[PDB]
Chemist: 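Below is one structure. I have some questions about it.
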Amino acid sequence: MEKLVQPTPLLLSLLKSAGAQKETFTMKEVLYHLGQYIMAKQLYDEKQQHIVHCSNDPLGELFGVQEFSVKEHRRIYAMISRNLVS
Ligand SMILES: CCOc1cc(C(C)(C)C)ccc1C1=N[C@@](C)(c2ccc(Cl)cc2)[C@@](C)(c2ccc(Cl)cc2)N1
């Protein structure tokens, strides 16, 4: 299996709210649940659906931004990385 990561508490709370029922993940799983979270809460822009609006949301605190594009993979990996236990 791919490497296992441990989300810090704030990220863990987000992943669980999206439906995760464990505390240890592969990066693929973290990405999956983040997508599910964004979709369920409809944080994406209705007309430009690759844009995520995350002000007034834990995701914004986690990523340190008010908006981002799902196309920004390197940035998203970095934002996730600062929310994993080293
Ligand atoms: C929630 C919407 O997600 C996506 C939407 C679209 C459309 C433009 C077709 C709308 C396209 C792709 C996506 C889309 N890209 C993915 C695959 C992605 C996988 C890896 C990285 Cl590093 C980044 C993104 C994923 C799972 C995602 C979105 C957001 C986050 Cl924070 C995490 C995962 N969703």
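Each ligand, and each atom within it, is numbered from 1 in the order the structure gives. Worth knowing before you read on, the calculation uses all heavy atoms, side chains too, and leaves out hydrogens, waters and symmetry mates. Quick note: residue numbers are just sequence positions, from 1.
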Chemist: Within the protein, is there a heavy atom lying under 4.0 Å from atom 10 (C) of ligand 1?
Modeler: yes
Chemist: Answer yes or no: is there a side-chain heavy-atom contact under 4.5 Å between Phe68 and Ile76?
Modeler: yes
Chemist: Pick one of side chain, backbone, both or neither for how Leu31 approaches ligand 1, counting any non-hydrogen atom pair under 4.0 Å.
Modeler: both
Chemist: Which value, rounded to the nearest 0.5 Å, describes the distance between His73 atom NE2 and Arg75 atom CZ?
Modeler: 13.0 Å
Chemist: Where on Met39 is there a heavy atom closer than 4.0 Å to ligand 1, on the side chain, on the backbone, on both, or on neither?
Modeler: side chain
Chemist: Could you tell me whether the side chains of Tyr32 and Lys28 share a donor-acceptor contact shorter than 3.5 Å?
Modeler: no
Chemist: Given the protein's heavy atoms, is any one of them under 4.0 Å from atom 22 (Cl) of ligand 1?
Modeler: yes
Chemist: Output the list of atoms in ligand 1 that are nearer than 4.0 Å to some heavy atom of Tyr77, sorted by atom number.
Modeler: 22 (Cl)
Chemist: Hey, is CD on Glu29 packed in by over 12 heavy atoms from elsewhere, all under 6.0 Å?
Modeler: yes
Chemist: Using heavy atoms and a threshold below 4.0 Å, how should the contact between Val70 and ligand 1 be classified: side chain, backbone, both, or neither?
Modeler: both
Chemist: Right, does atom 29 (C) of ligand 1 have protein non-hydrogen atoms nearer than 4.0 Å?
Modeler: yes
Chemist: Suppose I only count heavy atoms of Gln49 and a 4.0 Å limit; which atoms of ligand 1 are within that range?
Modeler: 10 (C)
Chemist: Checking a contact table here: which protein heavy atom is nearest atom 16 (C) of ligand 1, and how many Å away?
Modeler: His73 NE2, 4.9 Å
Chemist: Has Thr8 got a side-chain atom pairing as donor or acceptor with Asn83's backbone, closer than 3.5 angstrom?
Modeler: yes
Chemist: Any heavy-atom pair between the side chains of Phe63 and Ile80 that's under 4.5 Å?
Modeler: yes
Chemist: Considering only the protein, which heavy-atom contact is closest to atom 8 (C) of ligand 1, and what is its distance?
Modeler: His50 CB, 3.6 Å
Chemist: Among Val65, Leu10, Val52, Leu11, which residue satisfies the side chain to side chain contact (heavy atoms under 4.5 Å, CB included) criterion with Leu59?
Modeler: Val52
